[PDB]
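First comes the structure, then the notes that go with it.
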Amino acid sequence: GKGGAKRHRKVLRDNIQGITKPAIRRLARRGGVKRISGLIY
DNA sequence: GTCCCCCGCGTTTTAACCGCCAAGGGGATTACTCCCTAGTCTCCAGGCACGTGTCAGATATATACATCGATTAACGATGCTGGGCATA
C-alpha cells in the first residue's frame, strides 16, 4: 500500500477503449434509429 | 401487461485539433547497359480419333452332389357285411 515510485502510462488513442463512444452514436442517428442498445454498439 | 434497458440533459474529465517548426526516409528522375522477350523458321514428336486387344466384375449354364416334399406301391390287422351251415 505504497507510493513506490509509481508511474502510470495506459493506451487510449488506437486501442478500442480509447476511441470515443459518442463517436459511434454520432454515426447511429445519421441512420436515424431512435434507440441504441449497450450490447449492440 | 410488466420491467429495464436507452434517450435526454446537466456537469465533470480527456484528448482531438490547429498552429508551428525539424529532420530525414523514401519516393521520384535520370542514365546505362545487359538479360530476357517477341518474332520467325523447322520439325514432330505431343496430341487427337479410332481399330484391336485380354482382364475386371456380372450373368447365366451344363453337370454333379446332398436334402427333403410329396406321391404311390406294398404290408400288418381288422369291421361289419354278405353268403351260406347247425339248432329253437
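Read-outs: derived from the displayed coordinates by stated rules, not from any lab. Don't worry about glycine lacking a Cβ; one is built from the backbone with ideal geometry, like all the others, and counts go over all protein chains shown.
Out of all the residues in chain A, which are of a type in the set (A, V, I, L, M) and at positive phi? I'd like the intermediate steps shown before the answer.
As a first pass, look at chain A and keep what is of a type in the set (A, V, I, L, M): A:5, A:11-12, A:16, A:19, A:23-24, A:27-28, A:33, A:36, A:39-40.
The answer is A:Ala5, and nothing else.
Taken over region A:10-40, residues that are part of a loop (DSSP other than H, G, I, E, B) and within 11 Å of DNA strand B (Cβ to nearest atom) amount to 19.
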